[PDB]
Amino acid sequence: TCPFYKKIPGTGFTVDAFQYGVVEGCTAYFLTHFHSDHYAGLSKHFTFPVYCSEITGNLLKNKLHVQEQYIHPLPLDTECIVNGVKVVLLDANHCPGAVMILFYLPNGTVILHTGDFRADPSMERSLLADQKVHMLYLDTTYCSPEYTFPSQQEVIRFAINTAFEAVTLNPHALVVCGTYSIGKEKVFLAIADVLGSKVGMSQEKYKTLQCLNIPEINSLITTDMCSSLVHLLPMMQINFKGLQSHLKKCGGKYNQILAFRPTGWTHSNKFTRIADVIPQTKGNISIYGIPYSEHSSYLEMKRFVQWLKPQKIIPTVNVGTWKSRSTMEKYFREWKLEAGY
Ligand code: NI
């Protein structure tokens with residue numbers, strides 16, 4: 001049964017609620033983004049209207065085979081009427097195609113559902129600037145002050161400079177980047193661009209990337225692994241055993257691997273600056289864990305909420321324990337006392 005924090009009151013709508021069967025009272029199912037915890041349950045047999053971005057609808061049709069007649073893609077930044085209710089989709093600064101959803105209820109209440117997001121000051125100049133929001137359904141993934149990480153730009157600078165140095169020292173080094181979902185494409189695209197290479201990958205991952213409307217993509221990725229010196233592998237293979245095995249397969253073209261695992265936060269963030277990050281090394285294999293986040297840090301989240309000044313906050317992440325819920329509620333009250341709303 002569908003939990004309350006996935007239901008939008010005063011509507012027929014649910015958000016990211018495909019794993020509960022037929023939800024009583026639901027006339028339209030919204031999907032914020034194409035990550036498995038959120039789409040869990042969708043398939044070619046789904047027969048209710050799904051509302052989403054264009055990119056998400058490309059993935060639904062080509063990866064999950066949802067039939068076209070049930071996919072309802074909406075443009076961003078554009079007032080649309082769905083089953084009698086005005087909605088807007090906003091860029092969430094998460095993975096490709098990820099949105100936040102503004103719902104203008106018939107009674108005058110305005111609700112923002114962030115989906116998954118990485119808050120940014122650029123959101124203070126979107127269509128949110130123009131009216132009051134009563135209720136916020138908030139991505140609270142990193143809602144505690146221990147969760148710090150650098151800007152995405154600092155992380156990519158570190159990655160590019162690290163890969164360019166290694167490969168210029170040793171033109172026979174291969175670079176490998178881990179992936180297990182969409183998101184974080186800048187990591188492997190920025191490294192391939194500094195090296196003058198396309199990114200090589202499996203047919204299944206190429207297919208996924210071809211749904212993402214990235215400009216000039218045909219110039220940047222390939223299934224011909226032999227032509228590429230940046231390879232994408234499953235995240236599970238980014239370990240010494242898996243990388244040794246891969247290097248065997250390359251037929252003596254290479255004699256070293258430099259590998260990247262884009263994680264979110266890890267506790268090595270509480271001690272070490274990005275500039276000071278070092279790899280784990282075994283022989284001719286080195287593995288860097290880099291803190292590339294597509295969710296808000298604590299400080300980014302706090303800034304957004306103190307700017308928006310909602311009347312009520314409903315967390316959508318870390319909701320399963322009383323300790324998590326009590327921690328989050330204490331920070332919400334702090335923020336509100338500090339800012340004065
Ligand atoms: Ni996500």
# chains A, B, ... in the order shown; residues from 1 in each chain; ligands from 1
$ residues_near_ligand --ligand "ligand 1" --cutoff "10 Å" --atoms "only C-alpha atoms and all ligand atoms" --output "NGL selection string"
:A and (32-38 or 94-95 or 98 or 115-117 or 139 or 141 or 181-183 or 294-295)
$ write_last_selection --atoms "N, CA and C atoms" --output "compact mmCIF listing (two decimals), in the first residue's frame"
# COMPACT_ATOMS: atom_id res chain seq x y z
N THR A 32 9.16 11.42 -11.40
CA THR A 32 10.09 12.54 -11.34
C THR A 32 11.36 12.30 -12.19
N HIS A 33 11.84 11.05 -12.20
CA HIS A 33 13.12 10.69 -12.88
C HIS A 33 13.27 9.21 -13.04
N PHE A 34 14.15 8.85 -13.96
CA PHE A 34 14.40 7.42 -14.24
C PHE A 34 15.49 6.79 -13.39
N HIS A 35 15.22 6.67 -12.07
CA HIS A 35 16.05 5.86 -11.14
C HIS A 35 15.17 4.73 -10.59
N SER A 36 15.74 3.53 -10.41
CA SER A 36 14.94 2.31 -10.16
C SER A 36 14.12 2.39 -8.87
N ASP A 37 14.60 2.99 -7.80
CA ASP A 37 13.78 3.07 -6.55
C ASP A 37 12.48 3.86 -6.82
N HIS A 38 12.50 4.75 -7.84
CA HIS A 38 11.35 5.60 -8.20
C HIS A 38 10.47 5.05 -9.26
N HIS A 94 19.47 17.08 -10.93
CA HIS A 94 19.74 15.69 -10.44
C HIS A 94 20.36 14.99 -11.61
N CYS A 95 19.80 13.93 -12.13
CA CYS A 95 20.24 13.24 -13.39
C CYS A 95 19.49 13.76 -14.62
N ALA A 98 15.44 14.64 -14.87
CA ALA A 98 14.86 14.75 -13.52
C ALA A 98 14.17 16.08 -13.32
N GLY A 115 11.09 15.88 -6.05
CA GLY A 115 11.66 14.62 -6.47
C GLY A 115 13.00 14.46 -5.78
N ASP A 116 13.98 13.90 -6.48
CA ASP A 116 15.41 13.99 -6.06
C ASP A 116 16.05 15.28 -6.66
N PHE A 117 16.78 16.04 -5.87
CA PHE A 117 17.34 17.30 -6.38
C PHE A 117 18.68 17.66 -5.73
N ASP A 139 13.41 16.23 -0.81
CA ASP A 139 14.52 15.25 -0.84
C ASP A 139 15.49 15.59 0.25
N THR A 141 17.81 13.44 1.57
CA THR A 141 18.90 12.47 1.57
C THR A 141 20.02 12.79 2.51
N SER A 181 23.49 3.46 -13.15
CA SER A 181 22.25 4.18 -13.34
C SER A 181 22.59 5.40 -14.22
N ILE A 182 21.62 6.10 -14.76
CA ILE A 182 21.88 7.40 -15.34
C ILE A 182 22.23 8.42 -14.28
N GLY A 183 22.82 9.52 -14.71
CA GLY A 183 23.41 10.50 -13.81
C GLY A 183 24.90 10.50 -13.86
N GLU A 294 24.80 14.23 -6.83
CA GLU A 294 23.58 14.78 -7.48
C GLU A 294 22.41 15.02 -6.49
N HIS A 295 22.77 15.04 -5.19
CA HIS A 295 21.83 15.50 -4.16
C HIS A 295 22.39 16.71 -3.40
$ select_by_dssp --residues "segment 7-184 of chain A" --states "strand (DSSP E or B)" --output "ChimeraX atom specification"
/A:7-8,13-15,28-30,50-52,71-73,80-82,85-91,99-104,110-113,135-138,173-179
$ write_last_selection --atoms "C-alpha atoms" --output "CSV table (one decimal), in the first residue's frame"
chain,number,residue,atom,x,y,z
A,7,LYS,CA,0.0,11.2,-2.5
A,8,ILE,CA,-0.9,14.8,-3.5
A,13,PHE,CA,-2.3,12.3,-8.3
A,14,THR,CA,0.6,10.2,-7.0
A,15,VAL,CA,4.4,10.8,-7.3
A,28,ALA,CA,-2.5,10.2,-13.1
A,29,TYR,CA,0.9,8.8,-12.0
A,30,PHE,CA,3.8,11.3,-12.1
A,50,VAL,CA,2.3,8.5,-16.8
A,51,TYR,CA,3.3,12.1,-16.7
A,52,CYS,CA,7.1,13.0,-16.9
A,71,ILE,CA,3.4,8.3,-21.9
A,72,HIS,CA,2.6,11.9,-21.5
A,73,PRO,CA,5.7,14.0,-21.7
A,80,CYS,CA,0.1,22.7,-18.2
A,81,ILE,CA,-3.4,21.5,-17.2
A,82,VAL,CA,-3.6,17.8,-16.1
A,85,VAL,CA,-5.2,21.0,-12.3
A,86,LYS,CA,-2.4,23.4,-13.3
A,87,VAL,CA,1.1,21.9,-13.0
A,88,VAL,CA,4.7,23.0,-13.9
A,89,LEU,CA,7.8,20.8,-14.3
A,90,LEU,CA,11.2,22.4,-13.2
A,91,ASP,CA,14.7,21.2,-13.7
A,99,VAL,CA,12.1,17.3,-12.5
A,100,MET,CA,10.5,19.0,-9.5
A,101,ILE,CA,6.7,19.3,-9.8
A,102,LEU,CA,4.6,22.5,-8.8
A,103,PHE,CA,0.9,21.7,-8.2
A,104,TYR,CA,-1.6,24.6,-8.1
A,110,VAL,CA,0.5,25.5,-3.9
A,111,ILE,CA,2.7,22.3,-3.4
A,112,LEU,CA,6.3,21.8,-4.6
A,113,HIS,CA,7.5,18.2,-4.8
A,135,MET,CA,3.7,22.5,1.3
A,136,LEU,CA,7.2,21.2,0.3
A,137,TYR,CA,7.8,17.4,-0.3
A,138,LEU,CA,11.6,17.5,0.2
A,173,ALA,CA,47.3,3.7,-19.4
A,174,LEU,CA,43.6,2.9,-19.8
A,175,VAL,CA,41.0,5.0,-17.9
A,176,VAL,CA,37.9,3.2,-16.5
A,177,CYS,CA,34.8,4.9,-15.0
A,178,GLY,CA,32.1,3.0,-13.0
A,179,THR,CA,28.2,3.5,-13.6
$ residues_around --residues "segment 300-302 of chain A" --least-positions-apart "2" --cutoff "8 Å" --atoms "only C-alpha atoms" --output "ChimeraX atom specification"
/A:118-120,143,296-298,304-306,335
$ write_last_selection --atoms "C-alpha atoms" --output "compact mmCIF listing (two decimals), in the first residue's frame"
# COMPACT_ATOMS: atom_id res chain seq x y z
CA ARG A 118 20.60 19.18 -5.83
CA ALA A 119 19.49 22.61 -4.62
CA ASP A 120 21.08 25.57 -6.31
CA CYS A 143 19.79 16.34 5.88
CA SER A 296 21.86 18.71 -2.02
CA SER A 297 24.52 19.09 0.66
CA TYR A 298 23.14 20.09 4.07
CA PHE A 304 16.82 26.62 -0.44
CA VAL A 305 14.32 25.98 2.31
CA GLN A 306 15.12 29.30 4.16
CA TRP A 335 15.93 26.85 10.10
$ residues_around --residues "residue 132 of chain A" --least-positions-apart "5" --cutoff "10 Å" --atoms "only C-alpha atoms" --output "VMD selection string"
chain A and resid 109 to 111 308 to 311
$ residues_around --residues "residue 228 of chain A" --least-positions-apart "5" --cutoff "10 Å" --atoms "only C-alpha atoms" --output "list in words"
residues 174, 175, 192, 195, 196, 197, 198, 199, 200, 201, 221, 222 and 223 of chain A
$ closest_residue --among "A:277, A:194, A:299, A:155" --to "residue 264 of chain A" --atoms "only C-alpha atoms"
A:155
